[PDB]
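So basically every Cβ, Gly included, is an ideal-geometry build from the backbone, and we count neighbours across all protein chains shown. Read-outs: derived from the displayed coordinates by stated rules, not from any lab.
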Amino acid sequence: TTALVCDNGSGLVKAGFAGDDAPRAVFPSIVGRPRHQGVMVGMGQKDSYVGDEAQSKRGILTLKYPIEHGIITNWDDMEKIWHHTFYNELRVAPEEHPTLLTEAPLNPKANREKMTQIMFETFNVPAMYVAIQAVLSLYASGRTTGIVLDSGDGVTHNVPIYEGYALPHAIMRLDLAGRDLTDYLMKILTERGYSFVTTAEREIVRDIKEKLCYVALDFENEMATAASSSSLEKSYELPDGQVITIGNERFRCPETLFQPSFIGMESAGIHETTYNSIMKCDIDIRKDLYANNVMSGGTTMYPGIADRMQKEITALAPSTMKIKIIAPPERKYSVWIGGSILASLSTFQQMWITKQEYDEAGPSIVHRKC
Amino acid sequence: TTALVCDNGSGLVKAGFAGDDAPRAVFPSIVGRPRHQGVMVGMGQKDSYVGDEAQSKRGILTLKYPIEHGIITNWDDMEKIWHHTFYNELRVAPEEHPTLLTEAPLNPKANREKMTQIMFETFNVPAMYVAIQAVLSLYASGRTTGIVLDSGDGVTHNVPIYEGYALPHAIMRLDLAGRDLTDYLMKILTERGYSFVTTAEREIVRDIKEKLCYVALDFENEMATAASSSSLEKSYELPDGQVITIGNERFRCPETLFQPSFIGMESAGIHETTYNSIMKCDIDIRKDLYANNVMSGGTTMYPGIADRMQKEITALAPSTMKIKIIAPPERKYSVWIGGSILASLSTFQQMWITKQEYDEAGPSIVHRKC
Amino acid sequence: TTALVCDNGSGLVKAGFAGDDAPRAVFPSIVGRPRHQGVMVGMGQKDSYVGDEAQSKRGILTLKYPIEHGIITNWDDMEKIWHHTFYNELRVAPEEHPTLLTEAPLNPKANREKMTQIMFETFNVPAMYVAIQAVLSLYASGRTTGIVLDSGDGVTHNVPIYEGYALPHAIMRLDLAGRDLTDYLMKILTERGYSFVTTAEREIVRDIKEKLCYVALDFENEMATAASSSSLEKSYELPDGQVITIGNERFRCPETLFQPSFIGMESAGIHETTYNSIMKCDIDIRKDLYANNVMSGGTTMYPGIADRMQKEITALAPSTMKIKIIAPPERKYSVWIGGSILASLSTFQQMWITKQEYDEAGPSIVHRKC
Amino acid sequence: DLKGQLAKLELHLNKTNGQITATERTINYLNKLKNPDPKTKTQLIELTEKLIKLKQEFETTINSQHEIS
Ligand SMILES: Nc1ncnc2c1ncn2[C@@H]1O[C@H](COP(=O)(O)OP(=O)(O)O)[C@@H](O)[C@H]1O
Ligand SMILES: Nc1ncnc2c1ncn2[C@@H]1O[C@H](COP(=O)(O)OP(=O)(O)O)[C@@H](O)[C@H]1O
Ligand SMILES: Nc1ncnc2c1ncn2[C@@H]1O[C@H](COP(=O)(O)OP(=O)(O)O)[C@@H](O)[C@H]1O
Ligand SMILES: [Mg+2]
Ligand SMILES: [Mg+2]
Ligand SMILES: [Mg+2]
């Protein structure tokens, strides 16, 4: 049999089978509800569209996100997403195969229990397991000693591991991610005249973000160059056949990652969190973590993030130490690529939580290995 | 056949074959146990690392010393060390060859019996012998009349011999050794700001001690010179790419040997113990012992210890009488170099304790020659 | 004249006059800097608020602590705190009166010198003295033989004294204190959903700690009772009119004191350090130290700490020996109450360090009695 | 091949020197004796002969190693 490896994310859902190199299906995790009357007769009355069809018909829908900052807020919508993924998208009955899910570190306990109950009582899978998102990245990378820097939508976290002994006191968590960058892009695009308010307009701004953005190696010099000349300008086309012309905002959106004071937050940029995590471990292992940094998640695909990260860490860290930022391509799916590998391993095939085990022990079972 | 000559020490293990000039293998006598969870799958779990691999991975282990002050405290870990030495390190089955061990004088009786039992019932060596550490030094030195001053880690002892007639009432024993110096180094390095607490940090401090230390010919004048100028400063580099700068502490660590009141102890310095041992023998032999002094053990490798020892003894002892401190190089292995020689001697090949002798006579056998 | 007795602490400042029973003024040792723009006109442009007004307006400030782990990190802020204490809070010119300060044991030398210089060159007090925090506790307690266990914010130390002969080799120091408990409270409160990140939010968590916490007599049984039933639950109200409901975390925060492995630290709990300190003294005085233990500092106000301390020490120590934990009320100010008494004593009025003495001898003066 | 055989000659020379050192130490100890045990009287002669044999073997090995060079 093949064991599904679903990765319920904060901004996308990637579902596939074990022993593959890419998710079988990938689609946004949104639920759209109709807003208007409906005048024609004979058309099917849909209470709510889910998945990609909602993204197709965003004009007359009120799109909502069941997940936010990793935590799950709405449960009916999440169950609808899971049903759509299992039946309509993957087209495989869930009873036959086990399943593997991923949850970010330091999340509330209740989340795990509710997930388990919804995956046992309602869907009736024969076995389920849940894993920390950061850890699975190291299987995909191919090493055992490192400091992953998973940065998904919603939240970003750092988890240092050494010789396969995760240090739990050095783990760091932070609520700066792609959604805040999208909101800031809207707020700063307001200056030139372009006003985006509704949710679908936010979806458009998200596409604008994805296509036209980059991270400057140095910020003040880039601002001076953009102000003096007019070479840092790009033209994009809306669905309405209108042309936006973006200038400085190309590198003021991602810059909030390194300067969280733009949004009014107070925490330090991501480089400082990485450095603090490294310096919260023991003295003897700091060199190895320095040597092997790792990035994951979609948000770390901005052109030029690796160079700035290396420069900042090198400036912060002492000399005589060599810093490398392992930033392989296709990092977007890295987390998922871990899970499939973890499923394949023969040893891991003994660590599931069978249904009868949950029936007997109770909800606490999952937390024993937490 | 070749007879193993192992020297279970207090801070290092040296094991080799007879008729050689150096131990075949040398490695610290520590046992490290993992401290953290362990998150990766497949690595294969290990309960406890032993020997040099534990020193390699000190970051995530709780290093423990099975031996302390010569006495053996933990046995299940002392047996693990012996097994590692015989099989993994030396790579020779213990059944074929006999074995020779070394034990410091004035140690508890039970130690000897338990060592014998563990070396007969469990490992099944055909013959075992045990010798006093100080005596074996005199074979390496090449003389017969002298007063050895073996100072290993853990403890330091003096054993005067004359014409191969060891005087047992003049033997002296004292519990000042390298471990106390390491602790004092930590305590006094605290002043400049550098704080070392964990066991691995103690291991780092031990290296700091080994590399950068020396014994001043005179103490008050050296302190005055170090305070007035800034020439007695050295720079050392941690594993974390940080730079320590040591000043006076270079010669305040070993000075506790001659002034044990630094640690709160009350006994007299080592020169006074040597003088007392010499003046506790008969009148007619004091000149010969004064003439031929011997140093051994690692702790006596500080640059300048021989000169200060000679000066102090000359000041203490009467004039008209000549004092020399025989302090040959490679004194570190001196004790072991004795044992191999003792194994080689044809006469000594009649003095072992065969297995059947221990089976018949009982545990008391070993103590008959004590 | 009256001699001021300030006690610059790690988390609070207590300043008062000699011959009193309580500090004249007590206020937190923080410095807040504004974070936002400032739009209104006619107001007073303040670079930085200090003391209690900063605590009042924590909403829009970035609070910083000049002291940490006893050591002083930032000097400008510390000078600002001292100026605020002398002029605005106490309302007495510092030239007329001498002053007495307190510094924890085993701290770096440079600290003392810099403190002296800042208290002579800038403020111009006619005489200054500095004392060890633990020693002053014994004057307030009223005995001469004991083993103090001062545990302030920042650090905790043990100093055994016998017949007014402080043993310096038995002193112990450890970096576990209230700040680590506050951080652990944040980390474990994360589980139920309540996420506190900013500094003012940490200040709120500190109040939560102070009000609702206690130490269980035994830990496993308490966890079982809290899990089975729902009687160990308390409700607290934030400044935002929201209600937190705390359960187990009531007694998992202070438990870190007795099990430092929660934070990843490796040292032993406080009972083991007390036992080791007692067992590092001479044989003949251990009974007297066993009989008279003393606690000080704010951190030792958790309801039920005395009983657990007594139980653990009794279990560790041999029978036939009687253990009592002298834990008087109002222990919070105990250290300060010592200093005032020490100021009053007629003999002590000869031990100050006059200004001309420092001018002539130089900075080393203070260290002569160290 | 030349490099490998040169390395083997170097290893053999190192082993020979290691044997010489121990034999010299044992003879140095035995010389000081004044009324040795009858067994030690023969062992001293045996070691004295073995030292000479080892020294000529060392000379031959070094000569061969130089010749290859
Ligand atoms: N090529 C890209 N360049 C810049 N940002 C991207 C890119 N691809 C995705 N993103 C950002 O990452 C987010 C998706 O992150 P995702 O990989 O789904 O994280 P998770 O898997 O944890 O949900 C999107 O909201 C988008 O803003
Ligand atoms: N070169 C050196 N300089 C100073 N101290 C040394 C040196 N080498 C070893 N030591 C000290 O000696 C100790 C090791 O002693 P060792 O020779 O093992 O005695 P034993 O064999 O009785 O254990 C170490 O703890 C170390 O502190
Ligand atoms: N009543 C209390 N209950 C529990 N903890 C307290 C209480 N009062 C103070 N604390 C803790 O003690 C700390 C203050 O310690 P303090 O007495 O100021 O030490 P110091 O005098 O060395 O600064 C605070 O951070 C707080 O967390
Ligand atoms: Mg992701
Ligand atoms: Mg030794
Ligand atoms: Mg205090």
Exercise for the section: Return, for the Cα atoms of chain B, the radius of gyration and Dmax in Å, separated by a comma. Expected result: 22.0, 75
Completion exercise
For peptide D:34-42, the mean count of other chain Cβ atoms within 10 Å per residue Cβ is 2
Handout entry: All-pairs Cα distance distribution in the stretch B:230-370, expressed in whole percent, bin size 10 Å
Key = 8, 23, 27, 22, 14, 6, 0
Completion exercise
Across all Cα atoms of the stretch B:173-281, Rg and the largest Cα-Cα distance (Dmax), in Å, are 15.5, 54
Completion exercise
note: the stretch C:293-370, Cα-Cα separations exceeding 18 Å make up a percent value of 63 percent
Practice task
Normalise the Debye intensity by I(0) for the stretch C:138-211, one equal point scatterer per Cα, no solvent, then take log10 at q = 0.17, 0.21, 0.22, 0.25 Å⁻¹ and round to two decimals.
Solution key: -0.71, -0.87, -0.92, -1.08
Practice task
Could you tell me the largest-minus-smallest coordinate of the C-alpha atoms of the stretch B:215-256 on each of the three principal axes, in descending order and whole angstroms?
Solution key: 35, 23, 10
Practice task
Would you please state the base-10 log of I(q)/I(0) at q = 0.13, 0.18 1/Å for the stretch B:1-80, with intensities from the Debye formula using one equal scatterer on every alpha carbon?
Solution key: -0.50, -0.82
Practice task
Could you give the C-alpha radius of gyration of the stretch A:4-47 expressed as a fraction of 2.2 N^0.38 Å, taking N as the number of residues it contains?
Solution key: 1.78
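Please list the equivalent ellipsoid semi-axes of the stretch B:23-141, computed as the square roots of five times the alpha-carbon gyration tensor eigenvalues, in descending order and whole angstrom. Walk me through the numbers before you get to the answer.
On the way: eigenvalues 175, 57, 42 Å².
Square roots of five times the eigenvalues give 30, 17, 14 Å.
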Exercise for the section: Can you work out the PRE-style zone for C:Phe123? Point 7 Å along Cα to Cβ, and I want the residues of the stretch C:317-346 with backbone N under 19 Å. Expected result: C:335-344
Completion exercise
Surpassing 21 Å at the alpha-carbon level, of the pairs A:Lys280/A:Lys324; B:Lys324/D:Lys32; A:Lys109/C:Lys234; B:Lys287/B:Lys332; B:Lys14/B:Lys332, are B:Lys287/B:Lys332
Handout entry: Table column - 3J(HN,Hα) (Hz), the stretch A:163-171, Karplus curve with 6.51, -1.76, 1.60, x for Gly and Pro
Key = 6, x, 10, 4, 7, x, 7, 8, 4
Practice task
Just tell me how shielded B:32-40 is by partners: mean number of partner chain Cβ atoms within 10 Å of each residue's Cβ, no decimals.
Solution key: 6
Problem - Estimated inter-spin distance, C:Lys322 and A:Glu210, nm [label 7 Å along Cα→Cβ] - result: 7.9 nm
Handout entry: For the protein assembly as shown: Kirkwood Rh in Å [reciprocal of mean 1/r, alpha carbons]
Key = 36.0 Å
Practice task
Would you please put A:182-194, B:58-70 in order of how densely packed they are, using the mean number of other Cβ atoms within 10 angstrom per residue and starting with the highest?
Solution key: B:58-70, A:182-194
Handout entry: Fluctuation leader among C:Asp153, C:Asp180, C:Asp76 - chain C, Gaussian network, Cα springs under 10 angstrom
Key = C:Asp76
Completion exercise
Which residues qualify? For C:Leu101, with a placed amide H closer than 5 Å and at least 5 residues away or on another chain, they are C:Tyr129, C:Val130, C:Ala131
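What percent does the relative contact order of the stretch A:1-103 come to when contacts are Cα pairs within less than 8 Å and at least six residues apart?
32 percent
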Problem - FRET E, pair C:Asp47, A:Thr190, Förster distance 41 Å, beta-carbon r, rounded to 0.05 - result: 0.80
Fill in the blank from the handout: Expressed to two decimals, the stretch A:93-175 has a Cα Rg over Rh, using the Kirkwood radius, of 1.03
Practice task
Determine the calculated [θ] at 222 nm for chain A from helices alone, applying -39500 (n - 2.57) to every DSSP H run no shorter than 4 residues and normalising by the residue count; nearest 500 deg cm²/dmol.
Solution key: -9000 deg cm²/dmol
Problem - Most mobile of B:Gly152, B:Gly164, B:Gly42 in a GNM of chain B (Cα contacts under 10 Å) - result: B:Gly42
Completion exercise
Rounded to two decimals, the Debye log10 I(q)/I(0) of the stretch A:65-219 (Cα scatterers, no solvent) at q = 0.18 Å⁻¹ is -1.23
Handout entry: 3J(HN,Hα) from dihedral phi, the stretch B:258-263, Karplus parametrisation 6.51/-1.76/1.60, rounded to Hz, x for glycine, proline
Key = 8, 9, x, 6, 5, 8
Fill in the blank from the handout: Which residues qualify? For C:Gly264, with a placed amide H closer than 5 Å and at least 5 residues away or on another chain, they are none
Practice task
Could you pull out every one of the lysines with an alpha carbon less than 17 Å from that of D:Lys15, ignoring same-chain neighbours closer than 8 positions?
Solution key: D:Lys50, D:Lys53, D:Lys55
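Can you tell me the relative contact order of chain B? Whole percent, Cα pairs under 8 Å, sequence separation 6 or more.
19 percent
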Fill in the blank from the handout: For chain D, Rg(Cα) over 2.2 N^0.38 Å is 1.44
Practice task
Rank-order C:263-275, B:209-221 by packing density, defined as the average count of other C-beta atoms within 10 Å over each peptide's residues, highest first.
Solution key: C:263-275, B:209-221
Problem - Potential lengthening between A:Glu330 and A:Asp240 on full extension [0.36 nm per residue; Cα-Cα distance subtracted] - result: 29.2 nm
